[PDB]
Amino acid sequence: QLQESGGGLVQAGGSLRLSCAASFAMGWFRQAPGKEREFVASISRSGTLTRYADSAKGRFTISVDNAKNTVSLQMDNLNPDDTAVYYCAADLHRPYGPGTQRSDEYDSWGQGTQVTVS
């Protein structure tokens, strides 16, 4: 069970932070109206291996708090194209490696949170 939090409304150029708490790789996906759901970022159990979608590279940071069993996605330098519902997801098939970019690999999902960049 994934308990997601964060998101909200922010002005372009700004930042927002998402979090998710439940051995698995954790991923983040987003879906904007009328668009296919998109990979954003993933992190391995240890936190040592991360992966970023092309649009996320250089402005988002995924992290794990190994003491609190949480994962966070910090999003900087946001723009209106980033508006979407963002979901955390868990891949129990990967107890060691980072999460893949494929939604079909993740069997557990957070409820989603709206992110809107004005």
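Residues numbered from 1 in each chain as written, not as in the entry; some residues may be left out. Heavy atoms only, no water.

Visitor: Even after reading the chapter, I still don't get the nonpolar core, so can you show me in this structure?
Guide: Soluble globular proteins tend to pack their nonpolar side chains together in the buried interior. Counting 30 residues, the largest nonpolar core has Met26, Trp28, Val40, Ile62, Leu73 and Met75 as the members making the most contacts within it. Mapped onto this core, the elements with two or more residues apiece are β3 (16-21), β4 (25-31), β5 (38-43), β7 (60-65), β8 (70-75), β9 (84-91) and β11 (113-117). Here the element with the most residues in this core is β9; it accounts for five residues. Setting aside residues no more than four positions away along its own chain, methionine 75 makes contact with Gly14, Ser15, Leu16, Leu18, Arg59, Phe60, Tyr86 and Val115. (Core = buried A, V, L, I, M, F, W, Y, C linked by side-chain atoms within 4.5 Å. Buried < 20%, exposed > 50% of the residue type's maximum accessible area, 1.4 Å probe, protein only. Helix = DSSP H or I, 4+ residues; strand = E, 2+ residues; numbered from the N terminus. Contact = heavy atoms within 4.5 Å.)

Visitor: So what exactly am I meant to see when it comes to the pairing of β8 here?
Guide: For a regular strand, side-chain orientation follows a simple rule: the groups alternate between the two sheet faces. Summarising burial for β8: five of the six residues are buried, a large majority. Note: β3 against β8, six bridges, orientation antiparallel. Across the sheet, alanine 21 pairs through a bridge with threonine 70, a residue of β8. Two strands pair when backbone bridges link them, and β7 and β8 are joined in this way by six bridges, in the antiparallel orientation. Bridge assignment links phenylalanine 60 to a residue of β8, and that residue is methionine 75. (Pairing = 2+ DSSP bridges.)

Visitor: Got a minute to help me understand the packing of aromatic side chains in this structure?
Guide: Aromatic ring pairs: the centre-centre distance and the angle between the two ring planes describe each pair. The tally for this structure, following the rule as stated, stands at five aromatic pairs. Plain terms: the ring middles of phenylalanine 29 and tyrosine 106 are 5.2 Å apart, the flat faces sit at 80° to each other, and that makes the pair edge-to-face. With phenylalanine 29 in strand β4 and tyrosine 106 in the loop between β9 and β10 (108-109), this pair connects stretches of sequence that are 77 residues apart. By the burial criterion, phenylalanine 29 is buried, and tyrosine 106 matches it. Aromatic pair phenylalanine 29 and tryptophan 109: ring centres 5.3 Å apart, planes at 50°, arrangement tilted. Here the residue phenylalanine 29 occupies a position in strand β4, and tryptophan 109 occupies one in strand β10, the gap between them amounting to 80 residues. Its relative accessible area of 1% is what places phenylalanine 29 among the buried residues. An aromatic cluster is present here, built from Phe29, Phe39, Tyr87, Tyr106 and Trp109 joined pairwise through their rings. (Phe/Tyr/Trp six-rings, centres within 6.5 Å; stacked < 30°, edge-to-face > 60°.)

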